[PDB]
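Visitor: Pasting a structure below so you can have a look.
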Amino acid sequence: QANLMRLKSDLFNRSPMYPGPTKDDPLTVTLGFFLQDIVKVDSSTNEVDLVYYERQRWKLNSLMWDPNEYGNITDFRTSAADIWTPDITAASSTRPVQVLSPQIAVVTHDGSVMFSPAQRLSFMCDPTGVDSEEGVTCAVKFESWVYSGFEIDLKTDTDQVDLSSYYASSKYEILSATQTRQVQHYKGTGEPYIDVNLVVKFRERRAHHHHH
Amino acid sequence: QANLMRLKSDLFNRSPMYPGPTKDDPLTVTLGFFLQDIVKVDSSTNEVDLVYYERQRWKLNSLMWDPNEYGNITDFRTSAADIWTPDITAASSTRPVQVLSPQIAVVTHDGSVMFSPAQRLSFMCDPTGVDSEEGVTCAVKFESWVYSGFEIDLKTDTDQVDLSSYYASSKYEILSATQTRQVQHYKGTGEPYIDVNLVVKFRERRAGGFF
Amino acid sequence: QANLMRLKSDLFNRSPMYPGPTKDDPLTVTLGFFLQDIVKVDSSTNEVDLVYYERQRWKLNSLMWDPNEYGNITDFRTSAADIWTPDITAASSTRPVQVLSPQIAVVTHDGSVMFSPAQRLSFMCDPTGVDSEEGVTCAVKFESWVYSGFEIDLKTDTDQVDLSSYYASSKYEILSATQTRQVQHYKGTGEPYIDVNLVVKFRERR
Amino acid sequence: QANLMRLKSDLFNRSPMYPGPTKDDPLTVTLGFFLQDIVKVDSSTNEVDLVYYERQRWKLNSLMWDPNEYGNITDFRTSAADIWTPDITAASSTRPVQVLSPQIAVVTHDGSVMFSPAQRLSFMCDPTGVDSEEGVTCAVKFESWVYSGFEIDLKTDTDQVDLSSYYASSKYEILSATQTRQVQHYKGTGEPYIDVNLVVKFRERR
Amino acid sequence: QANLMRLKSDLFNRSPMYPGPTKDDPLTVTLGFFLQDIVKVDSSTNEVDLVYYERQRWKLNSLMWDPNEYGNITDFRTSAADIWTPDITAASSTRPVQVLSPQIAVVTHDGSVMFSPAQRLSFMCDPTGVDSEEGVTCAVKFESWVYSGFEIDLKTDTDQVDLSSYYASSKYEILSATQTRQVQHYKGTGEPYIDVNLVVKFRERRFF
Ligand SMILES: [Cl-]
Ligand SMILES: [Cl-]
Ligand SMILES: [Cl-]
Ligand SMILES: [Cl-]
Ligand SMILES: [Cl-]
């Protein structure tokens, strides 16, 4: 308790917060998607609702410490308000993303941050053909809304979306689910930016006592 | 009033907040569920909505005091913002949990904290067969989202969900309701983590029902 | 303006906030319900929606002052964030209560606080029979979620719910509406706690 | 920029906020409604949804300044959080009011404040007869939730609701729309309070 | 990291925030709309729902710096809470606008600010005729809610709404989409104010 209090005090109260990347000090954020359910499909509005969590990893020198100086603490948990987090946005959402997990991150002695927000997302998807063998395919790009490719790079460890927590009794069966890094260019300023394109192909399933 | 003001001042304004558990100083959180209603079932989205409250208990040395030093105060109530609370999460929720009770906890002179949030939860459940005698079974795991089993352990006092506040005129009759501690392992990591599995077996209310 | 600024400064900035009742210094909260409408009835989910306001009264020595010392001010209005308020909860709600009025209370020179939140509440109610002469009865208990009867007592001034603001053209006609203090015990006779039971008997209007 | 920074610093950082009216220093608030649409009518719940904006005007000595001392600035815009605003409430709402405009007010050198919140409101209204020639009438009272008539008075500049921004292709046609000051009396208290009664007569478009 | 920390500290902690424009120091805000989808149409309430993002640009002397004094930093990203932003409002909305993007802006060494909020908007629109060839036309004015034309001017770089991110499989096909500056006058005070009128002509999606 006491060593961790010191560690957090040293990291967060002494110095200000990481202000974000720049051209001279860019940052790489690694993303992985863990799809849990296709909850809803709306053929009258062409909206589909996903529940997933999104593993995000990055690394900052400012969050390094020597474990020997803090009782051999190698990592800790702390509110996401205590740190900078990347502004990763679903570019074709139709409602604000709903947060399903606590806004808490894991910080490791080398300055690695892991943040794994669970989300419910409504996004643009025509579900016509979902009730067939071939099913339907839909896509959503995840990107930093404000940083170019000169400041932020996004990558994946694998192009396969993890389906190991996918709900076994979902209304919808997943045929294919990929997460692919792409290079893109803004309209008015033509400078590059990175996205990770989530492409999911799916179809309807077939074969002294108180407290109150 | 005056003694309590001193007590809260001494506990909360002197020291910073408990920063959470670590490998060297882990924490045990005890959970108990008090199911009040199955409000809704949606067969087109495979979502079911529960209303319950969840008794949570844990213990911290930093919240100890000697009652003799504070006018024989043995316990007090305080806003949950004044203290650390565990990040217990329904792992198969489909909407943010809605809070139905005040965010207030009870702290006791030995450093025990009791926090009993009432919640409405939407979660993943195929209700096909709910309109039969046998009914349907659904499950939801409750776990710390960010702490492994090295930092947080979860347990129960009993594996039976309390149904004593269950709505007598619910659309749904509870046939069985259990809360069972389970050991689990993360995919990429491989290190262990604990959940409490809430398993509820229910059906649409009928006169009476296997004869 | 100036005298009130002094008064609020003296009450709120000098001392900390009232920390809540204890066994040695318990508190009595008086409740009164003013039912305005039964807005919705859902027979598929057994939920009913009420709109009402709820008069709450309590009294603290820490909020007393002598009017002579503050330009004869007998009472004032202030944000509910400036003071402690009781944690009165509908025990069978199914959604978070929606707030329909400003979170502002009235404080009086004797230390009386009056807080009258307007609310929309969804709660557990089987409405089967609402479309008959006899109608249907539903109940919801209002209680402190965290305080026992040793710390908080609840009472009413009358056991009759006030229907003087009840919407004349509601879909639902009120046959009876009562608010009754009850003594209760946590689980298998644990320590006591108080609730006010709101019982409303109603039917479709003719 | 610099003069305005000084002005705001002088008004908001030196003195505390206006604490609200009292019996000895009451306040007059003028209201005007600008009805933009009847968006929805629900005959199963007797709820109707309006979109409008509400001009509110009041005056405080504490917000006066001499323009000559601040580069001839006669008025400015500032966040509503920087000032006191009246607690004007629709008394028969069924959902929390949704805010459609930025919470920003206009302050003028004589201490006049203009605040014009756009709102979407659900309120109690039986729409039976809306699909006829005569249409239907509905009413909603706007009042301070916590202040009596001894502390707050409400007035209008005209008893005619402004329909100049009313949506030309609404589902509903407005036949008449009035805003009328009324004197009222509390149940338990008996002391007076003021409301402005918004009465709208409308029907389905033909 | 260190130079940017200094820059932000110098701009935001030393001086107070820009207090907004005045008659003597007015501000020009340039708007551009990027329509992404017509999500919904409700013929029973005459409401239509758009998803778009809105590029906003303005310029303040108080946000200037010399890049040479801050490790050649030419621009940075920062929370919109750190700065003044214009109060641009859809005048015929029927629900609060829902925010779909992070509230973060880009500031450039000359004092230019770019803020590009993605929004979902419900607004007043009779969709009768949407299921025909000719389709239907709807309009929504975007304006400062509180500032007159003496304090705020709005303009566009083009009168064509950008449709390059418009969802190819939307229920609704865009026939035409324009963004036009207009001069307007308040009722009681007869002084001018500016809006940008977004006019969208569309129809339900449909050679054999
Ligand atoms: Cl950081
Ligand atoms: Cl703590
Ligand atoms: Cl208090
Ligand atoms: Cl003020
Ligand atoms: Cl600024």
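Protein chains in written order, with our numbering: chain A, 347 to 558; chain B, 57 to 267; chain C, 9 to 214; chain D, 9 to 214; chain E, 1161 to 1368. All C-beta atoms, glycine included, are put in the ideal place defined by N, C-alpha and C.
(1) Name the chain A residues that come within less than 7 Å of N128 (chain B), Cβ to Cβ?
(2) Find the residues of chain C that neighbour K195 (chain D), judging by a C-beta separation of less than 7 Å, and give them in chain order.
(3) Nearest CA to the CA of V255 (chain B): which residue from B:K64, B:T245, B:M180?
(4) Under three-state DSSP, which class holds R103 (chain D)?
(5) Using a Cβ-Cβ distance cut-off of 9 Å, determine whether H455 (chain A) contacts chain B.
(6) Counting Cβ pairs closer than 8 Å, one from the stretch 104-124 of chain C and one from the stretch 162-175 of chain C, do we hit at least three?
(7) Can you pull out the residues from the stretch 358-375 of chain A whose beta carbon lies closer than 7 Å to at least one beta carbon of chain E?
(8) Is DSSP giving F150 (chain C) helix, strand or coil here?
(9) Just the chain B side, please: which residues come within less than 7 Å of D95 (chain C) by C-beta, in chain order?
(10) Chain A beta carbons: is any one of them nearer than 9 Å to that of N253 (chain B)?
(11) Give me, in chain order, the residues of the same chain whose beta-carbon lies closer than 8 Å to that of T1288 (chain E); leave out the 5 immediate sequence neighbours on both sides.
(12) Tell me the residue span of the beta strand (DSSP E) that contains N1221 (chain E).
(13) From the beta carbon of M470 (chain A), is the nearest beta carbon of chain E less than 9 Å away?
(14) Where does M363 (chain A) sit, in a helix, a strand or coil, going by DSSP?
(15) Going along chain B, which residues have a C-beta under 8 Å from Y513 (chain A)?
(16) Grouping DSSP H, G and I as helix and E and B as strand, with all else coil, what is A224 (chain B)?
(17) Is any heavy atom of ligand 7 found at a distance shorter than 8 Å from the C-beta of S118 (chain B)?
(18) Secondary structure at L1358 (chain E), three-state DSSP: helix, strand or coil?
(19) Under three-state DSSP, which class holds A348 (chain A)?
(20) For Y203 (chain B), go through chain A and note every residue whose CB falls closer than 8 Å to its CB, in chain order.
(21) Mind checking whether the beta-carbon of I1243 (chain E) lies closer than 8 Å to any heavy atom of ligand 5?
(22) Would you call the CB atoms of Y60 (chain C) and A126 (chain C) closer than 9 Å?
(23) From the DSSP output, which residues share a beta bridge with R527 (chain A)?
(24) Is there a Cβ from chain D that is less than 9 Å from the Cβ of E1311 (chain E)?
(25) Indicate whether the contact test is met: 3 or more Cβ pairs, each with one atom in the stretch 1307-1316 of chain E and one in the stretch 1343-1362 of chain E, closer than 8 Å.
(26) Nearest to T374 (chain A) by alpha carbon, out of A:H556, A:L353, A:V459, A:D477?
(27) Could you spell out the range, first to last residue, of the beta strand (DSSP E) harbouring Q1263 (chain E)?
(28) Taking C-beta to C-beta, are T102 (chain D) and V47 (chain C) nearer than 9 Å?
(29) Short check: CB of residue 7 (chain C) to CB of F210 (chain C), under 9 Å?
(30) Is there a C-beta anywhere in chain A that falls below 9 Å from the one on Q1258 (chain E)?
(31) According to the Cβ coordinates, are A427 (chain A) and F461 (chain A) closer than 9 Å?
(32) Which residues of chain A have a Cβ atom closer than 8 Å to the Cβ of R259 (chain B), listed in chain order?
(33) Would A99 (chain D) be called buried (16 or more neighbouring beta carbons within 10 Å of its own) or exposed?
(34) For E55 (chain C), count neighbouring C-beta atoms within 10 Å of its own C-beta (all shown protein chains included) and say buried if the count is 16 or more, exposed if not.
(35) Could you spell out where the beta strand (DSSP E) holding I144 (chain B) opens and where it closes?
Guide: Taking the coordinates as given:
(1) The sequence position of residue 128 (chain B) within the second sequence is 72, counting from 1. Within 7 Å Cβ-Cβ: nothing; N128 (chain B) doesn't reach chain A, min ~15 Å.
(2) Here residue 195 (chain D) is taken as the residue at index 187 of the fourth sequence, counted from 1. What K195 (chain D) touches in chain C: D170, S172.
(3) Locating residue 255 (chain B) in the second sequence gives position 199, where the first residue counts as 1. The candidate whose alpha carbon is nearest that of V255 (chain B) is B:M180.
(4) As a working mapping, residue 103 (chain D) is identified with position 95 in the fourth sequence. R103 (chain D) falls in the coil class under three-state DSSP.
(5) By one-based count along the first sequence, residue 455 (chain A) stands at place 109. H455 (chain A) does not count as touching chain B.
(6) no
(7) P362, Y364, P365, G366, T368, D370, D371
(8) Position 142 of the third sequence, counted from the start, is the residue given in the question as residue 150 (chain C). Reduced to three states, the DSSP call for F150 (chain C) is strand.
(9) Position 87 of the third sequence, counted from the start, is the residue given in the question as residue 95 (chain C). Result: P158, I160.
(10) By one-based count along the second sequence, residue 253 (chain B) stands at place 197. So no, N253 (chain B) is outside the interface.
(11) Residue mapping note: residue 1288 (chain E) aligns to position 128 of the fifth sequence, counting from 1. Counting only Cβ-Cβ distances below 8 Å, and skipping sequence neighbours, we find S1203, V1296.
(12) Locating residue 1221 (chain E) in the fifth sequence gives position 61, counting from the first residue. Counting along the chain, the beta strand (DSSP E) containing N1221 (chain E) begins and ends at 1207-1224.
(13) Here residue 470 (chain A) is taken as the residue at index 124 of the first sequence, counted from 1. So, interface residue.
(14) Locating residue 363 (chain A) in the first sequence gives position 17, where the first residue counts as 1. The answer is coil: DSSP assigns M363 (chain A) none of H, G, I, E or B.
(15) As a first step, residue 513 (chain A) must be located in the first sequence, where it is residue number 167. Chain-ordered, the chain B residues with CB closer than 8 Å to the CB of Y513 (chain A) read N102, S148, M180.
(16) Here the question's residue 224 (chain B) lines up with position 168 in the second sequence. Coil at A224 (chain B), not helix or strand.
(17) Among the ligands present in this structure, namely ligand 1, ligand 2, ligand 3, ligand 4 and ligand 5, ligand 7 is not found.
(18) Within the fifth sequence, numbered from 1, the residue matching residue 1358 (chain E) stands at position 198. Strand.
(19) The residue given as residue 348 (chain A) occupies position 2 in the first sequence. Helix.
(20) Counting from one through the second sequence, the residue named residue 203 (chain B) turns up at place 147. Correct list: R423.
(21) As a position in the fifth sequence, residue 1243 (chain E) is number 83, starting the count at 1. Yes, ligand 5 has a heavy atom inside 8 Å of this Cβ.
(22) Translated into positions along the third sequence, residue 60 (chain C) becomes position 52. Translated into positions along the third sequence, residue 126 (chain C) becomes position 118. Between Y60 (chain C) and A126 (chain C), the C-beta gap is smaller than 9 Å, which places the two residues in contact.
(23) For the purposes of this step, residue 527 (chain A) is identified with residue 181 of the first sequence, where counting begins at 1. Paired residue(s): A:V542.
(24) By one-based count along the fifth sequence, residue 1311 (chain E) stands at place 151. Yes - at least one Cβ of chain D is within 9 Å of the one on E1311 (chain E).
(25) Touching, yes.
(26) The sequence position of residue 374 (chain A) within the first sequence is 28, counting from 1. Ranked by how close their Cα comes to the Cα of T374 (chain A), the residues A:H556, A:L353, A:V459, A:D477 have A:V459 in first place.
(27) Numbered from 1 along the fifth sequence, position 103 holds the residue referred to as residue 1263 (chain E). Neither: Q1263 (chain E) is in no beta strand (DSSP E) and is coded neither H nor E.
(28) As a position in the fourth sequence, residue 102 (chain D) is number 94, starting the count at 1. As a position in the third sequence, residue 47 (chain C) is number 39, starting the count at 1. Going by C-beta atoms, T102 (chain D) is nearer than 9 Å to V47 (chain C).
(29) Absent from the model: residue 7 (chain C). The displayed extent of chain C is 9 to 214, so no value can be given.
(30) In the fifth sequence, the residue the question calls residue 1258 (chain E) occupies position 98. Cβ-Cβ to chain A under 9 Å: yes for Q1258 (chain E).
(31) The sequence position of residue 427 (chain A) within the first sequence is 81, counting from 1. The sequence position of residue 461 (chain A) within the first sequence is 115, counting from 1. No, the pair does not count as a contact, with Cβ atoms beyond the cut-off.
(32) Reading the second sequence from its first residue, position 203 is the one you call residue 259 (chain B). By Cβ distance, chain A contributes nothing, its closest Cβ being about 17 Å from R259 (chain B), past 8 Å.
(33) Translated into the one-based positions of the fourth sequence, residue 99 (chain D) becomes position 91. When all chains shown are included, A99 (chain D) counts as buried.
(34) Here residue 55 (chain C) corresponds to residue number 47 of the third sequence, with the count starting at 1. With 16 or more other Cβ atoms within 10 Å, it is buried.
(35) By one-based count along the second sequence, residue 144 (chain B) stands at place 88. Counting along the chain, the beta strand (DSSP E) containing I144 (chain B) begins and ends at 144-146.
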